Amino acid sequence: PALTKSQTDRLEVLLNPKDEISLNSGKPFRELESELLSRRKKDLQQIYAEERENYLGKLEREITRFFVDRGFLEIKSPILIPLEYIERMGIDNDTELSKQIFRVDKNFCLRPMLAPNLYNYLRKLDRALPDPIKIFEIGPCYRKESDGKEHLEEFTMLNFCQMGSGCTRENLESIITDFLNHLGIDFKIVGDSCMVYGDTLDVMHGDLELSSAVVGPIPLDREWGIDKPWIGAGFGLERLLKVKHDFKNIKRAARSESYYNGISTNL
């Protein structure tokens, strides 16, 4: 008797990318399930006995070390931010990204991106730090989404940026290139052909967007008291993990009660 679709869904929760076993080979569901539960328990036992690190926390520490070693100051800014920051980001109440925002009181929301706090740090630190100013933040962001294959409602962003001298497209591409080759993630940078000043580049892994990146200046800068050249990029940590570990579903890389380091916790 063939596996039912529900049975197949159950086994896939338990399946790992490198398991390499035939789901079409005559063996009953109960035995296939029992073999996989056994392997997944072994995986959790190995982690507990040896490393004990969460993939998301560990990616965060590896990324932090990378950017600190290259001259970028580590920022930890509020996750709960004023709603006014969203409007000041040019997201008017008509825009679709405006529908994706988790509001908290009359006045606050969960940040859907790192840019507003980074803009404020850029302006402030410009009164104290020598040119160029190099900063980054890693942390949670929130968007109400309409999909769930590559999009989470709760995700983790890395954003880095540089302001002042050296803010070129070539330098932006070089830092992105060094970063992803350090992590061992394959990519290609796509952008408009002959664009110089206000460019937007996407960093792609096949059809999956890893990052969008910007070469400033852009008109929105003046709303934040910024009047210097800059470069920057934002990367989703869960998309990076999904590519690195070859997860079929991004939920396996998220903050979760259902998966730990890509392994089902429902054993």
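When you see a residue number, it is the position in the sequence shown, counting from 1.
Averaging CA B factors per stretch from the PDB record, which one is higher: 201-209 or 231-239? Taking the mean C-alpha B-factor of 201-209 and of 231-239, the larger value falls to 201-209.
Which is higher on average in the deposited entry, the C-alpha temperature factors of 190-198 or of 78-86? Looking at the recorded C-alpha B-factors, 190-198 comes out higher on average.
Residue selected from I91, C141, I138, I135 by maximal Cα B factor: Spelled out: the listed residue with the top C-alpha B-factor is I91.
Please place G57 in the lowest, middle or highest third of its chain according to the CA B-factor in the PDB entry. Its C-alpha B-factor, which the entry lists for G57, ranks in the lowest third among residues of this chain.
Taking the chain's C-alpha temperature factors as the reference, tell me which third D147 falls into: lowest, middle or highest. It belongs to the highest third of the chain when residues are ordered by C-alpha B-factor.
According to the PDB entry, is the CA B factor of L14 in the bottom, middle or top third of its chain, that is, lowest, middle or highest? Middle third.
Among the modelled residues of its chain, does the C-alpha B-factor of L32 lie in the lowest, middle or highest third? As the PDB entry reports it, the C-alpha B-factor of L32 lands in the highest third of its chain.
By its CA B factor, does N181 count among the lowest, middle or highest third of the modelled residues in the chain? Bottom third by C-alpha B-factor.
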